[PDB]
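Peer 1: Enclosed are the sequence and the experimentally obtained structure.
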Amino acid sequence: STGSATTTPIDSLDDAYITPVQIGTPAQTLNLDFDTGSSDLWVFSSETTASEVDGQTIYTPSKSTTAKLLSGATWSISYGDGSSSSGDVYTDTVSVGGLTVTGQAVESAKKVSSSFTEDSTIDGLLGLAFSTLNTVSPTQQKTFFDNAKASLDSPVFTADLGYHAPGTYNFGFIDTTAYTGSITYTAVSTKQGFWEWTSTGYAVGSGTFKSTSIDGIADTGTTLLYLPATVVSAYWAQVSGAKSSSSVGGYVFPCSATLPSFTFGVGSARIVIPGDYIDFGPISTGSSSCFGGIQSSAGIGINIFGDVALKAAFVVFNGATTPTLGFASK
């Protein structure tokens, strides 16, 4: 089997991407944030505290003939931005782009933090990291990809995120029309439950490539590119008027400035992030100060190749017995 679904930016800045997902029988379609940095599929639901729902589409398991309570199961998750959610668990039929999993754990939110309530466009998350990070207790649950894997033509999914435009998540096949050149594959460590890999270095604009190992994760659920302070300083030093602002919480730059590209290494290959991808707009409405898309990972404890980086590539998440990551230009 295979599946193929379009993923769409939630706003004009690509702050996140939503993908439609069919849950239950008859289908209830919710727009989920596909997140290769976590491993829970959770949704706004008929069980979510009423005051914490504001515009989202909810899953109502009582209206699904295939929903079954996963008796005794609870879940609770916190994300790197300080947001959180928790609740109980059903199993149900879940389809993505024509690919169907029966018996998928669908984690129903009883509580969500304000960040989730305030974002009307995201109805929940669909985790695509390794199932060892899944928070369901007492019985850890598998991700949608883990459950689908054996049925797939090939044990892979691919992320092809758009810049200010829709893109594609494919399951079970590599679309050879969707990228240029070849796909370069690189080793993955699963020890922390992430798609964790080592970049071979970087360049800023037309500058010379610096060979240096940068360990980090491929995370579709993080918006920006978070790298070591040395790397990030070298980038913003090439932007006139850029500064790190403690009050704003990162590097900002005048919107009149030209942003250089940023290149990162994948083995001997190179992925170029165009300068425009690094512009995340005014820090507040009407401001001439713009928020940067490359920020320091200092204090996160890990480097994160988020959407800013991933959307410059066609990315293969290879879930073979020994997982690997592939990157191609596009």
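Peer 2: The structure has been received and is ready for your questions. Numbering: from 1, shown residues only.

Peer 1: For the residue nearest to residue 172 when sequence neighbours are not counted, give me its contacts.
Peer 2: Once flanking residues are discounted, residue 172 sits nearest to residue 152: 3.4 Å by CB to CB, 6 or more residues apart in numbering. Bear in mind the C-beta positions are built from the backbone N, C-alpha and C, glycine included. By CB atoms under 8 Å, 6 or more residues apart in numbering, the contact set of residue 152 is 1-2, 99, 171-172.

Peer 1: Please apply the same query to residue 136.
Peer 2: 40, 70, 73-75, 89, 105, 107.

Peer 1: quick one: which of the residues you listed is most hemmed in?
Peer 2: residue 107 (30 neighbours; other CB atoms under 10 Å).

Peer 1: tell me which element it falls in.
Peer 2: Element membership of residue 107 [criterion: DSSP states H and E] is strand 99-112.

Peer 1: Among the contacts of residue 136, name the ones in strands.
Peer 2: 70, 73-75, 89, 105, 107 (DSSP state E).

Peer 1: Columns distance to residue 19 on top of those residues, output as CSV?
Peer 2: Output for these, formatted as CSV (distance: CB to CB, whole Å):
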residue, distance to residue 19
70, 24
73, 25
74, 26
75, 21
89, 21
105, 18
107, 17
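
Peer 1: Return the member of these nearest to residue 158.
Peer 2: Of all the ones in strands among the contacts of residue 136, residue 158 sits closest to residue 105, with 23.3 Å by CB to CB.

Peer 1: Quick one: name whatever helix or strand follows the strand holding residue 107.
Peer 2: helix 114-117.

Peer 1: for the contacts of residue 152, which one is nearest residue 223?
Peer 2: Taking the contacts of residue 152 together and measuring to residue 223 by CB to CB, the closest member is residue 171, at 23.0 Å.

Peer 1: Measure how buried the residue nearest to that closest one when sequence neighbours are not counted is and give me the count.
Peer 2: Among residues not flanking residue 171 along the chain, residue 3 sits closest, at 4.1 Å (CB to CB, 6+ apart). Using other CB under 10 Å, residue 3 has 20 neighbouring residues.

Peer 1: Residue 3 against residue 96, yeah?
Peer 2: Yes - counting by CB atoms under 8 Å, residue 96 is a contact partner of residue 3 at 4.9 Å.

Peer 1: how's this structure carved up into domains?
Peer 2: For the chain, curated CATH domains gives the domain ranges 5-174, 175-330.

Peer 1: Pull up the distance across the shortest one, start to finish.
Peer 2: To tie it back to what came earlier, the one meant is domain 175-330. With CA to CA, to the nearest Å as the measure, domain 175-330 spans 12 Å from end to end.

Peer 1: Kindly report the same for stretch 194-210.
Peer 2: 25 Å.

Peer 1: List the contacts of it.
Peer 2: Contacts of stretch 194-210 (CB under 8 Å, 6+ apart): 36-37, 129-130, 133, 186-190, 211-219, 227, 231, 234-235, 238, 260-268, 270, 275, 302, 305, 317, 323, 325.

Peer 1: got it, and stretch 140-149?
Peer 2: Under CB under 8 Å, 6+ apart, the answer for stretch 140-149 is 1, 3, 39-41, 70, 73, 89, 94, 96, 99, 101, 103-105, 107, 126-132, 134, 155, 157, 171-172, 317, 319.

Peer 1: Would you list the buried entries among those residues?
Peer 2: 3, 39-41, 70, 73, 89, 94, 96, 99, 101, 104-105, 107, 126-131, 134, 155, 157, 171-172, 317, 319 (16 or more other CB atoms under 10 Å).

Peer 1: I'd like to know how many residues surround residue 181.
Peer 2: Neighbour tally, residue 181, other CB under 10 Å: 10.

Peer 1: Which strands and helices lie in contact with whichever helix in the chain runs longest?
Peer 2: In the chain, with assignment by DSSP state H, the single longest helix is helix 229-236. If contacts are counted by 3 or more CB pairs under 8 Å, 6 or more residues apart in numbering; DSSP states H and E, helix 229-236 sits against strand 196-204, strand 250-254, strand 294-296.

Peer 1: now the strands for the stretch 51-200 of the chain?
Peer 2: 68-78, 84-96, 99-112, 124-127, 156-160, 167-171, 184-187, 196-204 (DSSP state E, counting those that start in this stretch).

Peer 1: Quickly compare those strands and say which is most buried.
Peer 2: Neighbour counts (mean count of other CB atoms under 10 Å) averaged over each of the strands of the stretch 51-200 of the chain peak at strand 124-127, with a mean of 27.

Peer 1: Okay, now the sheet partners of it, with direction.
Peer 2: strand 28-35 (parallel), strand 41-43 (antiparallel) (DSSP bridges).

Peer 1: Turn these into CSV, columns for distance to residue 56.
Peer 2: As requested, the strands paired with strand 124-127 are exported to CSV (distance: least, CB to CB, whole Å):
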stretch, distance to residue 56
strand 28-35, 8
strand 41-43, 9
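
Peer 1: And those strands: which comes nearest residue 280?
Peer 2: Of the strands paired with strand 124-127, nearest to residue 280 by CB to CB is strand 28-35, at 17.4 Å.
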